[PDB]
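For reference, chains read A, B, C, D, E and F in written order, and residue numbers begin at 1 within each chain.
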Amino acid sequence: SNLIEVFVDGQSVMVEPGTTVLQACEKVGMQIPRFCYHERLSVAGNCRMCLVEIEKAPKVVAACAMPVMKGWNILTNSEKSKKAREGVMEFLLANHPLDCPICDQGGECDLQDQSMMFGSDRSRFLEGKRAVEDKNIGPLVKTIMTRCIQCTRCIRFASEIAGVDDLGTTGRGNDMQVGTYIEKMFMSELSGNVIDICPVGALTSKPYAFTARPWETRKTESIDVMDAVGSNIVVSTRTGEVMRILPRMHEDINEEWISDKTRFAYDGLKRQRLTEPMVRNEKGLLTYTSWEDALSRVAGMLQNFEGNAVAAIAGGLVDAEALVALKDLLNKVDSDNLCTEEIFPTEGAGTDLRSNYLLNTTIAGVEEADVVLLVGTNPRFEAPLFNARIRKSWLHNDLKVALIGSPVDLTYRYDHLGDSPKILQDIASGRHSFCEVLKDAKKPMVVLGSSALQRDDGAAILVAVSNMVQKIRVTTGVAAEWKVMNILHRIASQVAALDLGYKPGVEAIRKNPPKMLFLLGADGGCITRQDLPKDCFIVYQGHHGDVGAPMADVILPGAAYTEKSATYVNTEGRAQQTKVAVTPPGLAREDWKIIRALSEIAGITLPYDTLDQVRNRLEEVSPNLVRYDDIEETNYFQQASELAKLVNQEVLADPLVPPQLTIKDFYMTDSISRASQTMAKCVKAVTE
Amino acid sequence: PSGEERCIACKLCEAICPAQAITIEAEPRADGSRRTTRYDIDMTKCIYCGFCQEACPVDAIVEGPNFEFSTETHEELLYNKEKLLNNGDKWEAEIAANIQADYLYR
Amino acid sequence: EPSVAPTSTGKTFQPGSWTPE
Amino acid sequence: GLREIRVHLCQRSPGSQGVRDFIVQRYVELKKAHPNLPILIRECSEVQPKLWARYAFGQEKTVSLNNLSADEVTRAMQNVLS
Amino acid sequence: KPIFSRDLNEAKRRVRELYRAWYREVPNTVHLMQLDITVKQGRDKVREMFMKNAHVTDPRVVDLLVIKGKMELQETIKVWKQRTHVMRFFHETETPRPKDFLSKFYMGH
Amino acid sequence: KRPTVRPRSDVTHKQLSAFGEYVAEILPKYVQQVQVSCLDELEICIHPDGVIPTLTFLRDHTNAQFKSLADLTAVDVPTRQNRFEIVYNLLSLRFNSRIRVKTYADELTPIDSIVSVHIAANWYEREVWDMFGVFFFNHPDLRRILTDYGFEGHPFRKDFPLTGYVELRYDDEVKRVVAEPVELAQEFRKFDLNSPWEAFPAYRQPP
């Protein structure tokens, strides 16, 4: 292929044309000092810290900007380059405030580290230091703008990755100021990432403000559970305390960003958390009791009952191990009526084929696509990183986004085809204009969010999408490898439950009111005590005591995602396993352990007593639940569409509106979100 | 001198202490300042090196002139924030005099 | 004992237990 | 009581070609003939094709489907249903 | 490469020498160190410690184990190792934790 | 001149390089690598089998009278196939010079005892065995030296936890100082101080 020969410190390296000096240095292994350069963002060249010497060149060039030329010897560690770095660091530090003892970036400060390595050891600035004002930018980010290095990283992130375009550089000269000119609240589902962006602890988190230091905190790698995207996470902990949540890089999903919910709802783990088993709802006084008492009573009731009288409702943020173990328990009791709160149509192929309930195109494939058709979604406020990927495509790989939903601000420009369901049939018949855009397209995407499927017409909308997407496949030549049907999920555990074989929806409970209910981490209130008999011995396995637990006979404390190495599968089918970061609070235990102990106290006894054996049973139920960080391919959507064609329903005339019309809606959905206080401040601010 | 506590929970003393005796947990007060909810020194693990008062950026932690504090039970030697602040208040004048005498040498 | 106030006890966590309504 | 029946397979491997052919020819017909009974088909890379039947009270039996032709797969499916 | 034994058989011969040494020593050890145990208990403890490493099959590992056993035998003979050290082998103050899954769940994690 | 930079000289470097070549060519059978550091410290690496020959040569040869054994140390490097790296430091009073001899070993690979050459080794070798677990053949009296009378481990190994596995206490029930599994009120705080940026360009390992 076409490559150029360049030298770094007299050593040859081949680089594709246009690669920057910084990128060639990275290739050879050297890491040039930088501040204003971010690989995800655009190039700025403002800091001038990456200045380097090209040999036999008179003037030092900026390594982050210069696209290398052939036969260039990049003298990284020349006297010229070192003195350039010295001068740049001097000017950076001249006006800085004396805040290192009182600065959240204390131990991680790149300014500190690069002054240490590539910086002088003495100051010769014998004048006064500039002073900048602070301005409330919202309830989440606190701005100490006196210590800005004016690097414009926050502005570039705001205008590119988020599209908010609220932040800017106002003024000129040393009196420059990076911030909103008016008193505005910087509120984006991706706002928090600015905190990690900015390299001089200027704009930092109000919640976490001043708690711990990097040399203290212990970091364990975990996967988010507050959204179906499964954004990889690092949980910073001290002495069992969860200090903060930080992004972990995963090119396919995270790309070094995380949602504000994901990074600021951790506080919910601290308030109103379960700790002790409880019993005695009949008398009305739900009191604490020993594991012996609670488990024995549950096992006794289970022995009394059986068949279709028992059932369970898994929902929200429950894990695959707990799901499979409860499924095994209820099946050994002879049931199969275990259900999930979320509603996915079961009229046709249902859950038998993963091609029906998955994002086949994959978030990575969202970049490759050319026309994406959004139906029944407000993707900005549900799976925000998916919207981030779409905006990335729109900005770089020019893409056309067409939406069949209420007009919302998806950050990018979208062709609001209509807010009606029969528009899908219009496209399928070819009556609509957007069909011409399809004919143009060589890689189409039709993405359908579970939000609409929750409607009463879920089967009708699913069949409409299926027929329309098959029509797209036949009319527009699409390679068999490329998948054009994909589904967006807003609940973390839905895909895992369906892969296991849980019955989607809760129609079974209402059709046959169970005598005993097993509410597993479900406080959605979909099944209230109004249904079921006058006494139904409802048992709650979960955490945070949301509100759904109260109206249950016995409460068994569980562990949140920060304390258990659960298996969580994201919307694209990939399996990711959390890592224990904090021991479960008080007496709380892991859910698979809980269910196995309950069974053994009962006559039944599950085959497994360890995480390895539970994972083996998981592999048994489905094989893709144990291939971690792997996206197993799906097919036979042809057969799915055949069954969908046979399925007979009709799309209502009700306008299709996404549940989340505003960030106020986004900021509280889960139990942890409801129990978190910072989210309350955010919602209050947005409301006013 | 007003009454405010000098320590601002920078935690450099904790970071440097050779024997790992200092344990600090701080939170942002109502105003927004750094203040230590708990500041605990295990005087049976401390080696009296002085590296804490060496590295305290605001001269908050200081090793007073007192040397007579033998206790009758092991649990009295685990100093806490209240005990340390009371010691500072008690020895303020002499601590201040020594600091003025020495700061030039430091 | 249980406490609505989250307590940092030595090296441990005690979250806001919250007496259940 | 055949409460649950599931088949595991993989696309790239050769042996699972028989189960894949059986699925392309019969899956839709099987669902039409038996709507209620869940016939979950799961595919994961490099897995020995297997047909797994879960009977009433949490008791299950298994039959290997490696290197079997689609007709043999159909016969096995009929046997497990019967 | 041979640390001392050529294969497993010579290592086992060395092991048998060492076991005979400990078995012969136990009476004198109990008498001299005034232990509160029977000779049968001492020899059964010797056997328990020896069996704890029966699973090892590498000749070099067996050779090193025999080195360390002869080492401790010399200590005991010379009485450098005292009564407390000798009784440490018996663990008469350690309460076992049940391996029952239910009990383990009951007791923390 | 540069007041804060350590003064440098090359005479000693040249002399040590000459002596390094000298020893290497005299003993090609065991010598495997000779290097003279910028600090001016001749450093010979020999095969484990050549310990007695090399040390006897350095002690007895007229032109090399390294009659005093300063140390017999071990450095643990778990990654390398031979974890333990025995270091010998020697001093020649006649020639005002110091030399270092280095060899490798493994848990299952004993090295010969040099007590015959320098009887000073005996106790250093006992410490090496006690702390790192390396065994020495033909040693007069190899036995633990700095560890407890019933210790079971080689503490200086990098795998060994700092606080170990066993702790001692008195128990009135048995009226003896009993040993129990280690439990700590405030566990050791391992601060992660490594800086993301690289510091010393010369020692940059290739990627």
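We take it that a residue touches a chain if its C-beta (ideal position, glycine included) is under 8 Å from a C-beta of that chain, and two chains touch if they have at least 3 such contacts.
> Along touching chains only, what is the step distance from chain B to chain E?
Shortest path length, in steps: 2.
> Select, from all pairs of chains, the pair with the highest number of C-beta pairs in contact.
A-D
> Please list the single chain whose C-alpha centre lies closest to the global protein C-alpha centre.
Nearest to the common C-alpha centre lies chain A.
> Could you state the distance in Å from the CA-based centre of chain B to that of chain C?
Distance between chain centres: 29 Å.
> Distance-wise, how many Å sit between the C-alpha centres of chain A and chain D, to the nearest whole number?
Here chain A and chain D have centroids separated by 35 Å.
> Distance-wise, how many Å sit between the C-alpha centres of chain A and chain F, to the nearest whole number?
Roughly 51 Å, centre to centre.
> Just the number, please: Cα centre separation of chain D and chain F in whole Å.
64
> Please set out, as single numbers or ranges, the residues of chain C touching at least two other chains.
8, 10-11
> At which residue positions does chain D touch at least two other chains?
none
> Which bits of chain F are touching chain B when the two form their complex?
186, 188-189, 191
> In the complex formed with chain D, which residues of chain A make contact?
By the definition above, chain A touches chain D via 328, 331-334, 336, 349-354, 499, 501, 604, 620-624, 627, 630, 632-636, 639, 642-643, 646.
> If you look only at chain B, which of its residues touch chain F in the complex?
Per the stated touch rule, the residues are 15, 20, 23, 42.
> In the complex, go through chain F and note every residue touching chain E.
107-110, 135, 143-144, 148-150, 171, 173-174, 176-181
> Per the contact definition, I'd like the list of chain E residues that touch chain A in the complex.
So the residues of chain E in touch with chain A come to 101-102, 105-106, 109.
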